[PDB]
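A look at the structure
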Amino acid sequence: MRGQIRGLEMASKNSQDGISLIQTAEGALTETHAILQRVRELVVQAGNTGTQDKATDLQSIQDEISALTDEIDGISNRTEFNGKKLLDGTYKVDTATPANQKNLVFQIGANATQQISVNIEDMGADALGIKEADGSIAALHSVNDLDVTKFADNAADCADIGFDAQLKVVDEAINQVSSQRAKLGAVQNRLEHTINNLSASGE
Amino acid sequence: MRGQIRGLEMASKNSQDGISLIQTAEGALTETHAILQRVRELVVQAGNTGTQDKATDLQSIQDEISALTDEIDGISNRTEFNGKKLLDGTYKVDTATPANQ
Amino acid sequence: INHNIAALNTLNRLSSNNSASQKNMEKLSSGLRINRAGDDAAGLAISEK
Amino acid sequence: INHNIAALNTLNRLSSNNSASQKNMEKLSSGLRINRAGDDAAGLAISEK
Amino acid sequence: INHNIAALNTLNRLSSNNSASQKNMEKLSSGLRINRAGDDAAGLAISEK
Amino acid sequence: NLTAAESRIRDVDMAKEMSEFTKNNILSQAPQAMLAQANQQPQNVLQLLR
Amino acid sequence: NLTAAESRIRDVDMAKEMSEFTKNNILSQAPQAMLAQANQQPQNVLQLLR
Amino acid sequence: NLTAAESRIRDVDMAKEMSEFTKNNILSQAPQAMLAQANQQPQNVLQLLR
């Protein structure tokens, strides 16, 4: 019994550390999110203002979107929690193989197998989830931001340089943010209720 | 008489251990309970919001409900009291037979 | 007893209450019921959109 | 705790709110939404031209 | 006996209790469960980082 | 009206969350005093059973 | 939130460590009186077996 | 804007430094009472081991 009580208390510590981690990465994705809101403001405002704006003006906005870009790489990179670049999109990709996943498991029970699985995948190079960074689109309008002068060449129809690919990349990118944040918060629910069973059962 | 007194005292110990066991499993079911309250909040909130929500959004909620799900398996499993997975539903089923109770 | 005390529940209820009043602080502070957490994941992702 | 407190978020939300009400001051004061900052860079450079 | 007494255990349990209440003092005093000792070495080195 | 929709997720019934704020505060000041009583009773074991 | 992580190592459940503080104090006042009794019983060996 | 730069060295987050002010005050009222307990325990050595 003392075995189970001690191990369970230290397990409560473990779980609270998990709550800390997921809280950090979550707030990081919150910042990513609000930034991408500003990005969509700059894709509507970089609607060429139809064509009312100039390649000069859109070069200016594009400088802004590269600043915010490397800020998003900044979120996916600076999040070195205990030295873990958790929002390294590399860190936990399912990959359709066990070749390299690095499942960010947690340990809960004072007995064996009582573990949790965690999934953390975002990066500034992550956008519309075709499978991966498709090409110049579906990851790299987040990174490279085709609104330089390609977006003056056309604005509707070419499906790569025509506002619609781009705004769609922003949309699904932000939805990837949403989905992962929902996963993280789900984990936080499980850890709260988990500490409740640990603390009262252990009591 | 000393037979009955001694055996009865140790029986009091036995019964208090029983109170301990049932107290543990009970609090475990309390946690299960409150979790399922949240589940009904997520079945009303997963009323599709009528249909106002999306399959994306409900995929998110469903991720949450699978988390809470394996938490409920977590209660029915982690409750290894003296090594007894008491909330193993298997452990004491009546089964309509004495084959295994 | 002199070895365990039985108001350990009190510590757990005080801990949960710390989570509660702290939580209500966090919401009144920002003036927001939406969670930074993915808690209320659909409310989050919808409101984001 | 007695070592950290948890309404540090409150300091951050109050800081952001200082940025916000200060910002709205700066705009109402000059009577201008245009930023001295290159914030709204295209609105700036266009309006300059 | 008149040569040894058998509540020497009592001295050992009182000594351990001195370590215990002294320990809880040291933690409540600083307001810290972290040990100056490398006791909880990983909690230490992590929290340091 | 979309902003109305935005509110009805994120908006706070500040009266409500104040009520739960002080409710929780009361239930965080109370069990403290209970912990006092629990950590005060055995003193009479030491001092009056002995 | 890193500071939250910093707390969940170093932070004290002051109620808890107070409970173990007085618990240990009681178990440090008790065995003392036991040592009294042990260092008091053989006096009746000297004074009543002799 | 230079004055802004002047502030971002010398300026005080008065909320912050108030938080550390009362935090430190609490951690200066606490160890005092601990010093009481430490300077009160051996009295039972004198008075109950003896």
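Residues numbered from 1 in each chain as written, not as in the entry; some residues may be left out. Chains lettered and ligands numbered in written order. Part of a larger assembly, values for the part shown. Heavy atoms only, no water.

Its PDB header attributes the entry to cryo-EM and lists the resolution as 4.5 Å.

The next subject is the overall build of chain F. For chain F, the helix and strand inventory stands at three helices and zero strands. Reading the secondary structure of chain F in the N-to-C direction produces α-α-α. Against the 2.2 N^0.38 benchmark of 10 Å for 50 residues, chain F shows a C-alpha radius of gyration of 22 Å, more extended than a compact globule. Looking at chain F residue by residue over its 50 residues, the buried ones come to 24%. Accessible area for chain F stands at about 3700 Å²; split by element, carbon and sulfur atoms hold 58% of it. Charge centroids of chain F, computed over 5 positive and 5 negative side chains, lie 12 Å from each other. (Helix = DSSP H or I, 4+ residues; strand = E, 2+ residues; numbered from the N terminus. Rg over C-alpha atoms; globule rule 2.2 N^0.38 Å. Buried < 20%, exposed > 50% of the residue type's maximum accessible area, 1.4 Å probe, protein only. Areas by Shrake-Rupley, 256 points an atom, 1.4 Å probe, with all protein chains shown as cover. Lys, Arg positive; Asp, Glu negative; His and termini not counted. Charge placed at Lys NZ, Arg CZ, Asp CG, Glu CD.)

Moving on, we come to the overall build of chain A. Within chain A, the secondary structure is distributed over five helices and four strands. Order of helices (α) and strands (β) in chain A, N terminus to C terminus: α-α-β-β-β-β-α-α-α. Counting only C-alpha atoms, chain A reaches 75 × 30 × 25 Å along its principal axes. Taken across its 203 residues, chain A has 46% of its residues classed as buried. Counted over contacts in chain A with a minimum sequence separation of 6, partners at least 24 positions apart contribute 66%. Between the mean site of the 17 positive side-chain charges and the mean site of the 30 negative ones, chain A shows a separation of 11 Å. (Contact = heavy atoms within 4.5 Å.)

Moving on, we get to unusual backbone geometry. Its identity is not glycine, yet A:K102 carries a phi of approximately 55 degrees, on the positive side. With respect to the secondary-structure elements, A:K102 resides in the loop between β2 (84-85) and β3 (106-107). Using a relative accessible area of 55% as the deciding quantity, one classes A:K102 as exposed. For E:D40, which is not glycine, the phi torsion reads 55 degrees and is therefore positive. Positionally, E:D40 belongs in the loop between α1 (9-30) and α2 (41-48). By relative accessible area, E:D40 is classed as partly exposed at 38%.

A word on the pattern of salt bridges. By the definition in use, this model includes 28 salt bridges over all chains. Residue A:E9 pairs with G:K16 through a salt bridge whose shortest N-O separation is 3.3 Å. One end of the pair, A:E9, is in helix α1 (residues 2-44); the other, G:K16, is in helix α2 (residues 14-38), on a second chain. In this structure G:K16 comes out as partly exposed when scored by relative accessible area, which is 32%. In this structure, D:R36 and D:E26 form a salt bridge, with 3.7 Å as the shortest nitrogen-oxygen distance. Of this pair, D:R36 sits in the loop between α1 (9-30) and α2 (41-48) while D:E26 sits in helix α1; the two residues are 10 residues apart in sequence, bridging distant segments of the chain. One salt-bridge network, in which partners are shared between bridges, spans A:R190, B:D70, B:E71 and B:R78. (Salt bridge = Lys/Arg side-chain N within 4 Å of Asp/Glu carboxyl O.)

Looking now at the arrangement of the chains. Separated throughout, chain B and chain E approach each other most closely at a C-alpha pair spaced 25 Å apart. There is no contact between chain D and chain F; across them, the least C-alpha separation is 14 Å.

Soluble, globular proteins show a tendency: their nonpolar side chains are buried together. Counting 39 residues, the largest nonpolar core has A:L21, A:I22, A:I61, A:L104, A:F106, A:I120 and A:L191 as the members making the most contacts within it. Going through the elements one at a time, α1, α2 (55-78) and α5 (164-202) of chain A are the ones with two or more residues in this core. Counting residues per element, this core draws most heavily on α1(A), which supplies 12 residues. Residues within four places of A:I120 in sequence aside, it is in contact with A:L21, A:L86, A:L87, A:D88, A:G89, A:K92, A:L104, A:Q180 and A:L184. Core analysis: the next-biggest nonpolar cluster, separate from the first, contains 10 residues, B:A28, B:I61, B:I75 and C:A42 among them. (Core = buried A, V, L, I, M, F, W, Y, C linked by side-chain atoms within 4.5 Å.)

Here we come to the environment of E:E48. Residue and element names in this part refer to chain E. Within the fold, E48 resides in helix α2. A relative accessible area of 57% means that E48 is categorised as exposed. It is 20 Å that separates the C-alpha atoms of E48 and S29, two residues lying 19 residues apart in sequence.

Let us now look at the interface of chain C and chain F. A common way to state how big an interface is: give the accessible area lost once the parts meet. With 20 residues of chain C at the interface, the matching set in chain F holds 22 residues. Around 1900 Å² of area is buried between chain C and chain F when both sides are counted, 67% of it from carbon and sulfur atoms. Considering only the surface of chain C that becomes buried against chain F, C:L14, C:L28 and C:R33 emerge as the three largest contributors, covering 28% of it. Here chain C and chain F share one salt bridge between them. Here C:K27 makes a salt bridge to F:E17, at a shortest N to O gap of 2.9 Å. The interface formed by chain C and chain F contains six residue pairs in polar contact. Contributing elements (two or more residues each) for the side of chain C that touches chain F: α1 (9-30) and α2 (41-48) of chain C. Take the side of chain C that touches chain F: its biggest share by element is 10 residues, from α1(C). (Buried area = accessible area lost by both parts, 1.4 Å probe. Polar contact = N/O pair within 3.5 Å; in protein donor to acceptor, adjacent residues only side chain to side chain.)

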